[PDB]
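First comes the structure, then the notes that go with it.
Each reported figure results from applying straightforward, stated rules to the coordinates on display, with no laboratory input. In this analysis, Cβ positions are derived from the backbone assuming ideal geometry, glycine residues included, and neighbour counts consider all displayed protein chains.
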């Protein structure tokens, strides 16, 4: 890090997933969130 | 000329660097407004026997207040320095331990405002309209600017400001009237108007005392002159002054120090009426112990006691600032020594800062989240 | 004690030789990995500076290192000793 990130993903050994609310890839549920853009809640509308 | 004891400063951040330095030279320090709990430990500042209770009692009183007011979604705003950080940390800890009053957002006020920073606080608070009541732990300098910024936001009555120890029964922080600070809650330790101090102040002029070098600019600020002003003007019936809430604590601290010195002269020195040679090199530990072992009645009759940590027993009063259409003044509303005694009937000339309105009277269920303050409505089929 | 050697220029030093002690004692377990390595680094740098003719010729640099114990009070006391020695 020299004011420009040079991270090497090929040398990462533990890919990790630290996400509050799992995303909805098919997009069949409404994306509702609280008063903070932190969790993408999926609501299965009718 | 040698100082046996020094009265501690008001600011907790200032008091920390005062007390750690003075601990090296072994001189006890007694404060009147530094109530930060991080100075109450008898391992980092031993020479800090203060005559005011810590901020843990203030946090307990605040959480009791919001519990009695049915408030569960309260925002937190703190300025830089130890006092605000310790106060908000104690408030968060005491609210998390019991009552379930979580914190929506934590806002920080830097020591070096850049104009644009203060109006950032107001629009960061406005991003969560559910959080109405806001806890303020800053001093008057940041409080006035926060109130001014909120006034320009055209959000009168939306925020239920809560006053900290530094926002007690004072005129300067509430100089914005009720245009943006209508009915603001306030907590202050158990003060009492000093008749002797009032009599002393009633006989003070510009040329009366030459010791107070700051009195010249004090008079200049009171009446703008060097618009020339006369020397015969009286400040008693022309400035509408009001003594500060902590001056009684200053007098109490001075009385306690004098009592400790009298006890030292009675015990260590012989029955003479002068300073014995043994008392000329005053020992810091002995004087600190004597201060901790004082017992006398104050001007208001309240007992003065010192514990192992050098903190006064918990005693607080809760007031509210609002206009009664006749005269805007502070009135004793609630008392707090060990349990809340707030008077509901004398509040808001009763609103609740609920995170979410009730979902349904059995029509739909309510769920919780990481913070158990908001009842998320969920329609059962 | 501490590390005090004679020199034309006396440089002060605070190093966390000991860890953060509990309430029983101000100084806890000595940090051999942390404190001693930095102590030896400063000593080696001072020796190299003294032995370097290009940097401060005919001038030696003293050592004024005292223990910190990873405690604010202990470090402030050591700085008090520093300022007392200076005055």
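Please determine whether any residue of region C:67-81 is more than 30 Å from residue B:39 (Cβ to Cβ) and exposed (fewer than 15 other Cβ atoms within 10 Å of the Cβ).
No, region C:67-81 contains no residue that is more than 30 Å from residue B:39 (Cβ to Cβ) and exposed (fewer than 15 other Cβ atoms within 10 Å of the Cβ).
Can you report the number of residues in region C:16-41 which are in contact with a strand residue (DSSP E or B) (Cβ under 6 Å, 6 or more places away or on another chain) and farther than 10 Å from residue C:69 by Cβ?
Total satisfying the criteria: 3.
Can you confirm whether residue B:366 is more than 30 Å from residue B:184 (Cβ to Cβ), more than 14 Å from every other protein chain (Cβ to nearest Cβ) and assigned to a strand (DSSP E or B)?
Answer is yes for this residue.
Filter region C:66-81 down to the residues that are touching a strand residue (DSSP E or B) at 6+ places or on another chain (Cβ under 6 Å) and away from every other protein chain (no Cβ under 12 Å), then identify the one that is nearest to residue C:2 (Cα to Cα).
For region C:66-81, the residue satisfying everything is C:68.
Tell me, which helices (runs of 4 or more DSSP H) lie completely within region B:26-130 with 2 or more residues that are more than 14 Å from every other protein chain (Cβ to nearest Cβ) and within 14 Å of the chain's Cα centre (by Cα)?
Passing ranges, in order: B:55-68, B:82-97.
Going through region B:131-147 one residue at a time, which ones are away from chain A (no Cβ under 14 Å) and either closer than 16 Å to residue B:106 by Cα or in contact with a helix residue (DSSP H, G or I) (Cβ under 8 Å, 6 or more places away or on another chain) (or both)?
Selection gives B:133, B:134, B:135, B:136, B:137, B:138, B:139, B:140, B:142, B:143, B:145, B:146.
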